[PDB]
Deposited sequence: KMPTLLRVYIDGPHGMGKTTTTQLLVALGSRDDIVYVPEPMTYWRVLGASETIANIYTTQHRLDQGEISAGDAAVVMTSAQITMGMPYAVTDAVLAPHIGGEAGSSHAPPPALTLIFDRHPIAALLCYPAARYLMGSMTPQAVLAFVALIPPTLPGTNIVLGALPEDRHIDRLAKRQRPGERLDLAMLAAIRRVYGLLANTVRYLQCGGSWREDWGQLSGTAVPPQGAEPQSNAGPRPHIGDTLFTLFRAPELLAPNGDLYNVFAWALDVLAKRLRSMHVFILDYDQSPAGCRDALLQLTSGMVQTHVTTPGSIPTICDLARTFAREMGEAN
């Protein structure tokens, strides 16, 4: 069976994700590589009206105390569902075409983001910003789809100073320049990388839970649990009077561990020119995991899906 390389470009926004990605796709021909781009048309029109605007306006009104935490949370939670929808459907239709893990791939499929972006990372940051409850974050976590083999994810690294500068120059429609949110999202993605490494080094969150109080994967020693996503969830809302997590929330963390531990995570250094990033990413794809497809007709089906997606939801 012909092979597939799937690569999800993810991480915080504002780093040069898109430019880098497009430059890589520009190196292929057409039958070689396809791009599933950012679904901005879904976000601005198809799913709801100006979802990014709504998110940033809501956080703003919260900060100013014009609306309550509960009011912000219902909006943020609903908004995140709309944000996540294209990633989620794409995963569900792709799933039956993906075979076991597997020399040049017949097809390279590059994604602008993975479902965890909208189900885990942005919600966890909004929780840090006080505009989402931890119960809602964990509900999203429980809904993360099963991790398909050959799930390669690229996260970004960039100094905070350079990040703040780059971000100010590429605000999206409706976006406001919230540096607290930038700090939150950078922190969440740092924790994410540590979490994957922690799990792959044999970390068991239940064993280390009691060590809690008060970045890179695919390399390095095992992180402390306090430096992983698990640390976010020792919140009073989630704790029984006897002090431990309610089991329902503990089960969500079990799901978080299962989903992340089989992912192949890489870190791209964005602190360089657009061409530099492209070639960095290219080099990085050499150590990435390919899968077989399920049928021989899977390949063109996949190209059709990607192009259809791009035409309808891409800018």
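*asked:* Please give the gaps, as residue ranges numbered from 1 in the deposited sequence, where no C-alpha is present.
replied: In the chain as deposited, 1, 104-108, 221-229, 331-332 carry no coordinates.
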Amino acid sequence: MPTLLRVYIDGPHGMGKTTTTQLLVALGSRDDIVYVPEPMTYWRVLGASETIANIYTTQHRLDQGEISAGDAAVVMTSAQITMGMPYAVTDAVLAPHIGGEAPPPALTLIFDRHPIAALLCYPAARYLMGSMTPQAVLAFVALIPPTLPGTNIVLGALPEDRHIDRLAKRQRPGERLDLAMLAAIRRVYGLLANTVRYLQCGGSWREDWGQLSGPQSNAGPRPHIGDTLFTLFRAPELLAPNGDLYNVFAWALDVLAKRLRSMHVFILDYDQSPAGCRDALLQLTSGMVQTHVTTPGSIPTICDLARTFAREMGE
From here on, numbers count along this sequence of modelled residues.
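Take the two forms, find the largest set of C-alpha atoms that superpose within 1.5 Å, and that set is the rigid core.
*Relative to this form, superposed by the core, which stretch has the greater CA RMS in 8 other deposited structures of this protein: 227-235 or 161-169?*
If we average over structures and residues in 8 other deposited structures of this protein, the farther stretch is 161-169.
*Compare 205-213 with 89-97 and report which one shows the larger root mean square C-alpha deviation from this form in 8 other deposited structures of this protein once the rigid core is superposed.*
More C-alpha displacement in 8 other deposited structures of this protein shows up in 205-213.
*Would you please confirm whether residue 174 lacks atomic coordinates in a third or more of the other entries that were compared?*
It is, since residue 174 is left out of at least a third of the other entries that model both flanking stretches.
*asked:* Test of understanding: from the entry's C-alpha B-factors, which stretch has the higher mean, 63-71 or 253-261?
replied: The stretch with the larger average C-alpha B-factor is 63-71.
_Segment of higher mean CA temperature factor, 174-182 or 151-159_ = Looking at the recorded C-alpha B-factors, 174-182 comes out higher on average.
*78, 200, 228, 213, ranked by C-alpha B-factor: the highest one*: By C-alpha B-factor in the record, 213 ranks first.
*Highest CA temperature factor in the entry: which of 169, 206, 224, 126?*
If I rank 169, 206, 224, 126 by C-alpha B-factor, first place goes to 169.
_Among modelled residues of the same chain, the CA temperature factor third for residue 218_ = Ranked within chain, residue 218 CA B lands in the highest tercile.
*Place residue 242 in the lowest, middle or highest third of its chain's C-alpha B-factors, as listed in the PDB entry.*
Tercile = highest for this residue's CA B-factor.
*Consider only the C-alpha atoms of the modelled residues in this chain, order them by B-factor as the entry records it, and name the third containing residue 276: lowest, middle or highest.*
Its C-alpha B-factor belongs to the middle third of this chain's values.
*Going by what the PDB entry lists, where does residue 269 fall on CA B-factor within its chain: lowest, middle or highest third?*
Middle third, going by the recorded CA B-factors of the chain.
*Lowest, middle or highest third: where is residue 303 by C-alpha B factor in its chain?*
Residue 303: CA B-factor falls in the highest third of its chain.
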